[PDB]
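*Asks:* This structure is in structure tokens; I'll ask about it shortly.
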Amino acid sequence: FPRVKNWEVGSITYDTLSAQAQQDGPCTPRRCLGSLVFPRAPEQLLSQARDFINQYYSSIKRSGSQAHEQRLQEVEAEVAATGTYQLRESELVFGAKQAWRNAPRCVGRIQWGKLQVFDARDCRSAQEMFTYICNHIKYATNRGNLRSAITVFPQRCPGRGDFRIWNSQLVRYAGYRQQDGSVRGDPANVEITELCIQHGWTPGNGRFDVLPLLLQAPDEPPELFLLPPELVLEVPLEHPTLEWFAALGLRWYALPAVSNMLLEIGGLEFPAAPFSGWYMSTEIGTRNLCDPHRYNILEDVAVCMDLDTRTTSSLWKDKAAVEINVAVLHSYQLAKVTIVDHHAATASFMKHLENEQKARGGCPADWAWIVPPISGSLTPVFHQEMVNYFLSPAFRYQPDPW
Amino acid sequence: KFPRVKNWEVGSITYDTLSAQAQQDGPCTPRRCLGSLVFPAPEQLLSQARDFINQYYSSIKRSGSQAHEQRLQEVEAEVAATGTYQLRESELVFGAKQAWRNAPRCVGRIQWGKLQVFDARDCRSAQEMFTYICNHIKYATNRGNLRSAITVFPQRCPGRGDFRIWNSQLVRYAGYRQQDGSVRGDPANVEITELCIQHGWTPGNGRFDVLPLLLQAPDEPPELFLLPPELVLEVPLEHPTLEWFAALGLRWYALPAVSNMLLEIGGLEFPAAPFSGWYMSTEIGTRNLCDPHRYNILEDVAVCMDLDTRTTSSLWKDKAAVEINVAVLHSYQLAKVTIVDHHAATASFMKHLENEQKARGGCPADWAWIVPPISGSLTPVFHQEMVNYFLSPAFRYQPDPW
Ligand code: HEM
Ligand code: HEM
Ligand SMILES: CCN(CC)CCc1cc(F)c(F)c(OCc2cc(C)cc(N)n2)c1
Ligand SMILES: CCN(CC)CCc1cc(F)c(F)c(OCc2cc(C)cc(N)n2)c1
Ligand SMILES: C[C@H](O)[C@H](O)[C@H]1CNc2nc(N)[nH]c(=O)c2N1
Ligand SMILES: C[C@H](O)[C@H](O)[C@H]1CNc2nc(N)[nH]c(=O)c2N1
Ligand SMILES: [Ca+2]
Ligand SMILES: [Cl-]
Ligand SMILES: [Cl-]
Ligand SMILES: [Gd]
Ligand SMILES: [Gd]
Ligand SMILES: [Zn+2]
């Protein structure tokens, strides 16, 4: 049982939950790979299905009960008859929340108990995918009062194709290569943008052109769908006191909706299960806008601020970054779109760690992803030792469908 | 294969083949990563000594030579007769440099080949130890043109106590436990302060009182030595444009000199081997001055700056911390004391990683310590995946001698 210290306060806890780590991570006694982003029949499915049901009934305080034993024999006969099994809607809701609760890299898990689960397991064809996704977006956007939600499309099953959303997020800005070698728009999205062009989309030429959706029903090629502009809430960026910031023409979208991760519950796998919450401001103002391989606007903002950019020790990068994050915070609040700054978010995650220590003896957390990308040690999570491990139900990365 | 390591700013990948040579085990297992935790004999000596000798003769491009073979046999014979051995002078110099090169939490390792190595293995008393330490401080400080140096005191041997420096650094400010439970001075140093008082030091009552040294000769209680004030170079802190900042009365010292780690070379252990370089500004400006459990000046500086400290979303913490780092850099530069900002230091560490990929096929590096505590993703090391593992020669933590 690892001893976990907080160095700001001196408090000690022991993570007993890590003993339940169901799968293996990338680290060994010889070498730690915790900084790597991506770190690498019937009998099998049944063991995982049995374990999840025991979790579920333990969590509702009905373990070993009558309904408990009936579900166990239900899934057994289902898998024997069909080779898979279907979750009850309540088990689906429970598994979706747990998979969020178990995500080590998510700082927003204080909210894990409040998640809207939309059951799309009866979906067929991409046109119905698009309708489910639009309803998700409208519900989750909620005119700027953002609400967490997930939509769960049909599970993988043998002999059949997969439901897949080709886009990594529901809202993504295009990235276009030039013959001067550079990218106009989001360099992260060059590949998906040319796929959209290949699959019928006629491309714009702005820095913030919202990509279409490439939706794939089983065994059919992906279908191109355009999101109605009225559906896609965006926030033009301005600064409270730097009047010229608006003129930079920056903007971001309201809804962070990850659409390319795989949801695993009780040995079942959902390759299409997009989820959304609301943004932490550093995601936009630090990573999306200031990463050198993304919009990379830091020097543009610094020149507008008349900073000394030819010596590092003036901390011009640090001052420009802060004001960009100020602008993001100011603009979302002014537009009445839900946002949380990195101080408030890390303070809530500390409370989450305390809640989770009592609830199950630990919390899997990935320090490198929890600590914000600016002002790390100014937040309480920097001084908190953490233990990273994999629990199920879970979200997992997965190969691109192409 | 070996671990694949990606740089996300550039898209380039390397493979760390050096990690496969890791000797001592770390804290991680396939079940759980503990990378975020701060603190996690004949035949064994010979293997370590032989490997070290092999390292030495590799470094001078004389592997497999007569001299190489004869030195291995010479080490073998001395271990056979005495259970231990003595390093040649050249080996001690090479070994100390390798221990710095191998230190995974050090971002300053571009400098690893430039290290002044003081051989104090003939030290016999705490008085002689103090003279060696004063020579080190004078050499390394060099009136502000700092020079990296290490002084190596006698190795551990059977039947005689160790040399130890009780202080964690050669220069530290007193932390006086207040009757309230608060601290005046540096809270990190309350324990060593109380040990100095208990050992006869007449304490001061300021926030920046330089501590005396408690030096331990073999099988002796520690002895108290006052550093001559002219030996301890300090920098008054001021801000280039916030003239009230000087009135805070803040100072820091020039010389970062770690004195409580154990240097291990070829199986031999040197429990006293203080080493020094020069500061990276975030150590002083972010951690030492803004940690809640250290000098904790952030709110005070922000209030003086007339920032709105009642809402986290103004980013008043980030703005005040940036200016405090500016003050540190400005004040060291004004005083003509070597200092490196976190942008320049991390850019040079990227160069080090590239040199080491070519020289050795990898580099042990602890991402959470290499990424600076403000402005993390504005530096290139944030986007560099890293592999953490233990090579020898090494600097190691060791128990406090009390
Ligand atoms: C409600 C507000 C939320 C906030 C503020 C938030 C914040 C974050 C942040 C900052 C990250 C790091 C990702 C990055 O740096 O790109 C992250 C990762 C993650 N989030 Fe949350 N999130 C929220 C809601 C959710 C919800 C509703 C789910 C699922 C139901 C979720 C699941 C995940 C997962 C699986 C990851 C890890 C993916 C990865 O490795 O990057 N989050 N979150
Ligand atoms: C020359 C300029 C140098 C710079 C700018 C530098 C920078 C740093 C920094 C910023 C840290 C993290 C310290 C902390 O947060 O507590 C560190 C750790 C470390 N440094 Fe360097 N360093 C330098 C020289 C040296 C030298 C000369 C040695 C040894 C010969 C050394 C050995 C170490 C070791 C072993 C650690 C890890 C200690 C730990 O685990 O806390 N450094 N260094
Ligand atoms: C693959 C390349 N990187 C950079 C684009 C991916 C980063 C990333 C990968 C994932 F899998 C994620 F779920 C992810 O969630 C960000 C997020 C999600 C939610 C619901 C809320 C929020 N506030 N934030 C972020
Ligand atoms: C022990 C409590 N914290 C903060 C005092 C970490 C202590 C610490 C222990 C070590 F072994 C270190 F090598 C260390 O390196 C600081 C450092 C060292 C050198 C040579 C240069 C530099 N620029 N910086 C710092
Ligand atoms: C190499 C490193 O793991 C990579 O850049 C990580 C570090 N920490 C992160 N933290 C968050 N929240 N998001 C990220 O994308 C990353 N990227
Ligand atoms: C708990 C966490 O590991 C701890 O606060 C670490 C994080 N990274 C660090 N990095 C450096 N350079 N120095 C430190 O003291 C720490 N502290
Ligand atoms: Ca051309
Ligand atoms: Cl994003
Ligand atoms: Cl220090
Ligand atoms: Gd101007
Ligand atoms: Gd002024
Ligand atoms: Zn690890």
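Same order as they appear, the protein sequences are chains A and B.
Here the first sequence stands for residues 68 to 107, 119 to 480, numbered as in the authors' numbering.
Here the second sequence stands for residues 67 to 106, 119 to 480, numbered as in the authors' numbering.
In this text, a Cβ means the ideal position worked out from N, Cα and C, and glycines have one as well.
Measuring only from the beta carbon, is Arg128 of chain A closer than 8 Å to any heavy atom that is part of ligand 6?
*Replies:* Start at 1 with the first residue of the first sequence, and residue 128 of chain A comes out as number 50. In this structure, the C-beta of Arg128 of chain A stays at least 8 Å away from each heavy atom of ligand 6.
*Asks:* Closer than 7 Å, Cβ to Cβ, to anything on chain A: give me those residues from the segment 458-480 of chain B, in chain order.
*Replies:* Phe460, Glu463, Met464, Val465, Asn466, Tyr467
*Asks:* Starting from the C-beta of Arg238 of chain A, find all residues in its chain whose C-beta is less than 7 Å away, skip the five residues before and the five after it, and write them out in chain order.
*Replies:* On the first sequence, residue 238 of chain A is found 160 positions in, with the first residue counted as 1. Cβ within range, chain order: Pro296.
*Asks:* Report all residues from its chain with a CB closer than 7 Å to the CB of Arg225 of chain B; omit the five preceding and five following residues, and keep chain order.
*Replies:* In the second sequence, residue 225 of chain B corresponds to position 147, counting from 1. Closer than 7 Å at the Cβ level, and outside the excluded window around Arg225 of chain B, lie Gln194, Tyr217, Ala218.
*Asks:* Once the 5 residues before and after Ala399 of chain B are set aside, which same chain residues still bring their CB inside 7 Å of it?
*Replies:* Translated into positions along the second sequence, residue 399 of chain B becomes position 321. Cβ within range, chain order: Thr364, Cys368, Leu376, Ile452.
*Asks:* Between the Cα of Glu312 of chain A and the Cα atoms of A:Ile417, A:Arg70, A:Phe130, A:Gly101, which residue gives the shortest distance?
*Replies:* Walking along the first sequence from the start, residue 312 of chain A turns up at place 234. Out of A:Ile417, A:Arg70, A:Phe130, A:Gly101, A:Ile417 has the C-alpha closest to the C-alpha of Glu312 of chain A.
*Asks:* Of all the options A:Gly439, A:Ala422, A:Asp478, which has the alpha carbon lying nearest to the alpha carbon of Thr457 of chain A?
*Replies:* Counting from one through the first sequence, the residue named residue 457 of chain A turns up at place 379. Cα-wise, what sits closest to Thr457 of chain A is A:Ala422.
*Asks:* What residues in its chain sit with their C-beta under 7 Å from that of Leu150 of chain B, if we drop five residues either side in the sequence?
*Replies:* Within the second sequence, the letter at position 72 stands for residue 150 of chain B. If we look at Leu150 of chain B and ignore the five residues flanking it on each side, its Cβ neighbours are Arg128, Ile131.
*Asks:* What residues in the segment 379-391 of chain A have a beta carbon less than 8 Å from any beta carbon of chain B?
*Replies:* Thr390, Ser391
*Asks:* Note the first and the last residue of the continuous alpha helix (DSSP H) segment covering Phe208 of chain A.
*Replies:* Along the first sequence, read from residue 1 onward, the residue named residue 208 of chain A stands at position 130. Here the alpha helix (DSSP H) through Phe208 of chain A covers 204-219.
*Asks:* Mind pulling the chain A residues with CB within less than 7 Å of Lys395 of chain B?
*Replies:* Within the second sequence, residue 395 of chain B is the residue found at index 317, counting from 1. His421, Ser453, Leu456, listed in chain order.
*Asks:* Tell me whether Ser246 of chain A counts as near ligand 5, meaning its Cβ is closer than 8 Å to at least one heavy atom of that ligand.
*Replies:* Stepping through the first sequence from its first residue, residue 246 of chain A is reached at position 168. The answer is no for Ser246 of chain A.
*Asks:* Report the option in A:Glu206, A:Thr83, A:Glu156, A:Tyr357 whose CA atom is closest to the CA atom of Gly439 of chain A.
*Replies:* Counting from one through the first sequence, the residue named residue 439 of chain A turns up at place 361. Measuring from the Cα of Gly439 of chain A, the nearest candidate turns out to be A:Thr83.
*Asks:* Is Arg262 of chain A near ligand 8, with its Cβ less than 8 Å from a heavy atom?
*Replies:* Stepping through the first sequence from its first residue, residue 262 of chain A is reached at position 184. No, ligand 8 has no heavy atom inside 8 Å of this Cβ.
*Asks:* I need the straight-line Cα distance from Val288 of chain B to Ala177 of chain B, nearest angstrom please.
*Replies:* Your numbering for residue 288 of chain B matches position 210 in the second sequence. Your numbering for residue 177 of chain B matches position 99 in the second sequence. If you take the alpha carbons of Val288 of chain B and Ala177 of chain B, they lie about 29 Å apart.
*Asks:* Any heavy atom of ligand 4 within a distance shorter than 8 Å of the CB on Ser337 of chain A?
*Replies:* Sequence index remark: in the first sequence, residue 337 of chain A carries index 259 (1-based). With a cut-off of 8 Å, the C-beta of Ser337 of chain A is classified as distant from ligand 4, since no heavy atom of the ligand falls inside that distance.
*Asks:* Within its chain, find whatever has a CB closer than 8 Å to the CB of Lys397 of chain A; leave out the 5 residues flanking it on each side and keep chain order.
*Replies:* Position 319 of the first sequence holds residue 397 of chain A. Cβ neighbours of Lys397 of chain A beyond the five flanking positions: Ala380, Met383, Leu385.
*Asks:* Under 7 Å Cβ-Cβ, which residues of chain A neighbour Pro370 of chain B?
*Replies:* As a working note, residue 370 of chain B is residue 292 in the second sequence. Per Cβ cutoff of 7 Å: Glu75.
*Asks:* Cβ closer than 7 Å: which chain B residues qualify as neighbours of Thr364 of chain A?
*Replies:* Here residue 364 of chain A is taken as the residue at index 286 of the first sequence, counted from 1. Those within 7 Å of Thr364 of chain A in chain B are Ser455.
*Asks:* Closer than 6 Å by C-beta to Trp279 of chain A: which residues in its own chain qualify, once you throw out the five before and the five after it? Chain order, please.
*Replies:* Here residue 279 of chain A refers to the residue found at position 201 of the first sequence. Excluding residues within five positions, the ones whose Cβ falls inside 6 Å are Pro290, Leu302.
*Asks:* Do the segment 86-101 of chain B and the segment 456-474 of chain A make contact, defined as three or more Cβ pairs closer than 8 Å?
*Replies:* Taking 8 Å as the limit for Cβ pairs, the verdict is that the segment 456-474 of chain A does touch the segment 86-101 of chain B.
*Asks:* State yes or no: is the beta carbon of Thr95 of chain B nearer than 9 Å to at least one beta carbon in chain A?
*Replies:* Translated into positions along the second sequence, residue 95 of chain B becomes position 29. Output row for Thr95 of chain B: interface = yes.
*Asks:* Which runs of the beta strand (DSSP E), 3 residues or longer, sit entirely within the segment 415-469 of chain A?
*Replies:* none
*Asks:* How far does the beta strand (DSSP E) with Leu341 of chain B in it extend, from its first residue to its last?
*Replies:* Taking the second sequence and counting its residues from 1, one reaches residue 341 of chain B at position 263. Element bounds for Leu341 of chain B: 340-343.
*Asks:* Any heavy atom of ligand 3 closer than 8 Å to the beta-carbon of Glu312 of chain A?
*Replies:* The residue you call residue 312 of chain A lines up with position 234 of the first sequence. Because no heavy atom of ligand 3 lies under 8 Å away, the Cβ of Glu312 of chain A does not count as near it: no.
*Asks:* Can you check whether the C-beta of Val449 of chain B is within less than 9 Å of a C-beta belonging to chain A?
*Replies:* Within the second sequence, the letter at position 371 stands for residue 449 of chain B. Taking Cβ atoms only, chain A reaches closer than 9 Å to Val449 of chain B, which makes this a yes.
*Asks:* For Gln435 of chain A and chain B, any beta-carbon pair shorter than 9 Å?
*Replies:* As a first step, residue 435 of chain A must be located in the first sequence, where it is residue number 357. No - not a single Cβ of chain B is within 9 Å of the one on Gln435 of chain A.
*Asks:* Helix, strand or coil: which one does DSSP assign to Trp394 of chain A?
*Replies:* Position 316 of the first sequence, counting from 1, holds the residue named residue 394 of chain A. Of the three classes helix, strand and coil, the one that applies to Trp394 of chain A here is helix, per DSSP.
*Asks:* Whole-angstrom Cβ separation of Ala405 of chain A and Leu315 of chain A, contact assumed at under 8 Å?
*Replies:* Taking the first residue of the first sequence as 1, we reach residue 405 of chain A at position 327. Taking the first residue of the first sequence as 1, we reach residue 315 of chain A at position 237. Confirmed, Cβ separation roughly 5 Å.
*Asks:* Closest to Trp330 of chain B by CA distance: which of B:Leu407, B:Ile343, B:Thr387 is it?
*Replies:* The residue given as residue 330 of chain B occupies position 252 in the second sequence. Of the candidates B:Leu407, B:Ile343, B:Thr387, the one whose C-alpha sits nearest the C-alpha of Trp330 of chain B is B:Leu407.
*Asks:* With a cut-off of 8 Å on the beta carbons, I'd call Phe427 of chain A and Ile448 of chain A a contact; round off their distance for me.
*Replies:* Counting from one through the first sequence, the residue named residue 427 of chain A turns up at place 349. Counting from one through the first sequence, the residue named residue 448 of chain A turns up at place 370. So it is a contact: roughly 6 Å between Cβ atoms.
*Asks:* What do you reckon, are the CB atoms on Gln247 of chain A and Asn338 of chain A nearer than 9 Å?
*Replies:* By 1-based counting over the first sequence, the position of residue 247 of chain A is 169. By 1-based counting over the first sequence, the position of residue 338 of chain A is 260. Closer than 9 Å, so yes.
*Asks:* Identify whether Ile375 of chain A lies in helix, strand or coil by the three-state DSSP scheme.
*Replies:* The residue given as residue 375 of chain A occupies position 297 in the first sequence. Coil at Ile375 of chain A, not helix or strand.
*Asks:* Starting from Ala127 of chain B, trace the alpha helix (DSSP H) in both directions and tell me its first and last residue.
*Replies:* Here residue 127 of chain B is taken as the residue at index 49 of the second sequence, counted from 1. Segment 120-137, the alpha helix (DSSP H) holding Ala127 of chain B.
*Asks:* Determine whether the Cβ of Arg285 of chain B lies closer than 9 Å to any Cβ atom of chain A.
*Replies:* Here residue 285 of chain B refers to the residue found at position 207 when the second sequence is read from its first residue. For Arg285 of chain B, the answer is no, since every Cβ of chain A falls outside 9 Å of its Cβ.
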